[PDB]
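Consider the single chain below, provided in structure tokens and representing the form deposited in one PDB entry.
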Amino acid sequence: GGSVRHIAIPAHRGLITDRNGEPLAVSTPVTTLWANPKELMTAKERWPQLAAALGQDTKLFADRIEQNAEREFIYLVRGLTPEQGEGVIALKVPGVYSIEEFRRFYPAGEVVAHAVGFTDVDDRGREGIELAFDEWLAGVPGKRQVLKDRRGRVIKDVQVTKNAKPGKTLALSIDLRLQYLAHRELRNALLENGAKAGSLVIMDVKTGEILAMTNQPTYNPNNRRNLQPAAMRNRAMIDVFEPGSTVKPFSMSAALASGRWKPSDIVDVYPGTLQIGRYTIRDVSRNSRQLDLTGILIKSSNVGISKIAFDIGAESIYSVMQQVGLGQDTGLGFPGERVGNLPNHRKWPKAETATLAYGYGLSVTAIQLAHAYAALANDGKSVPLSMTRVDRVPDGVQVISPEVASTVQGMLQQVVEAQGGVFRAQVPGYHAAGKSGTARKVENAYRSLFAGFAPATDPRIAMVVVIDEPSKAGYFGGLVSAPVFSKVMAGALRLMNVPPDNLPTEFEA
């Protein structure tokens, strides 16, 4: 008797590690109890003890078997241990079977949840890297021939028709050591400032690798019960924000490349406002008259960068921001990753020219902002982004001339180190460079920004800190986000064994 059939052989999903082999997503065995209701219907006397062993009410269990009597497979319980999936088998109930199946476990939990994502109950990638690289990780199921009786019970294992092929190991660009550091410090900053959310991205300016990518709020992917959908957002890639003052270095790059501006050139920003018809550009610090181009960045003068933009024209500024990737497709293919928006016009009036120049009305992601600062730090050369470990670095694209990029770098080192600058971004033992931003959202709500890189002498790491809606008295990016940059950069440089470059001169010793 019986009918010849073919069942599948599940394939083992590939391991995801960090760049150094630390496990991030591992498919490990769990014991699962299943039943063939067609066989169970022949052993009704065994049902009550089976229900009791499974923690089910006898009536509800009997009803469930009756309501599935025409199926040949139902799950009884999933995710037990081999010891537990034997105490039920010890009842020797016909139609009850125990199997070992592989299910994802995430050893770092909430720390890398947004990057890694997760799989569904069938071990298929559903979010994050698990989805983006599902074909790589999934493998290919096998198949084997069986003989099944009239109730669907496998009577004979005949022969394997096709072997299963396991999925492939995938090493991410993430450095788990930096990820933990970034995760902890971003969390600390949210509580320090009573903020609603935040992101922090760390990039290797030489290889394009995303070394760390963390957000708050986050979630435990090992316990996705009653989860908030907002807690699962990889904000660094799928949320957009106005970068504000953090794009002024790119406006400055266009100014320097125009041949009309040098760093020691002077702009008059008195009295701290500039009327453009019915629109008024305003500075926070309004006790300045003449400022040089570095002072414009140190004071973060919207007036100053606006007058420069009028002189060189918006088109030159738009082109730099486009070339460094702001509002442009990263090409990475992360699920839900946003392109943002760099607004364009046929003709640029003064209002649109100024707002472009100081980052108002633009939409970027944290990844884009970090990649743009990586290109600035890398002497103007943009190495393509990667979420996976890069062994052979692809050729970069020269997006800012090396001379202009070097000059802007030095200016941003002064933003961090000069008198009146963003001193909380200073990294002990190293020269650091960057730019703060503070964006008013549409009571006033704010987004606090800092973007930078280090060491200034030979840049290695670019970093972006975004703090969404700090609720304490402090909200400027130089107060809220810069100290996070300092702590995380200091730890990252130490972990990567980068030599300290802030050493005394011969006369300052």
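One rule holds for the numbers: they count along the sequence shown, beginning at 1. Between two forms, the rigid core is the largest collection of C-alphas that superpose within 1.5 Å.
For the cut-off of one third of the other compared entries, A451 stays well clear, since all of them model it along with its flanks.
Compared with other PDB entries of the same protein, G474 is missing from at least a third of those that resolve the residues around it.
Per the record, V442 and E443 are separated by 4 to 9 deposited residues that have no coordinates.
Here 150-158 and 389-397 are compared by their mean Cα B-factor, and 150-158 comes out higher. Across the two stretches, 220-228 and 119-127, the PDB entry reports the greater mean Cα temperature factor for 220-228.
Looking at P455, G452, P37, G477, the one whose CA carries the top B-factor in the deposited record is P37. Between the residues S98, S301, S173, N215, the entry's highest C-alpha temperature factor is the one at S98.
For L191, the recorded CA B-factor ranks within the highest third of the chain. Only modelled residues enter the ranking. Among the modelled residues of the chain, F423 sits in the middle third by CA temperature factor in this PDB entry. Among all modelled residues in its chain, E72 ranks in the highest third by Cα B-factor. Per the PDB record, residue ranking by Cα B-factor puts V404 in the lowest third of the chain. Looking at the C-alpha B-factors along this chain, the one for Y106 belongs to the lowest third.
What comes next is about the form deposited in another entry, which does not appear here.
Just one of the listed positions, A108, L274, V96, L256, moves its Cα by at least 2 Å between this form and the one not shown when the rigid core is held fixed, and it is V96. Relative to the superposed rigid core, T81 undergoes a CA displacement of at least 2 Å between this form and the one not shown. Core-superposed comparison between this form and the one not shown: the Cα of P459 travels less than 2 Å. When two forms of a protein are overlaid on their rigid core, residues whose CA moves 2 Å or more are considered shifted, and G474 is not one of them between this form and the one not shown.
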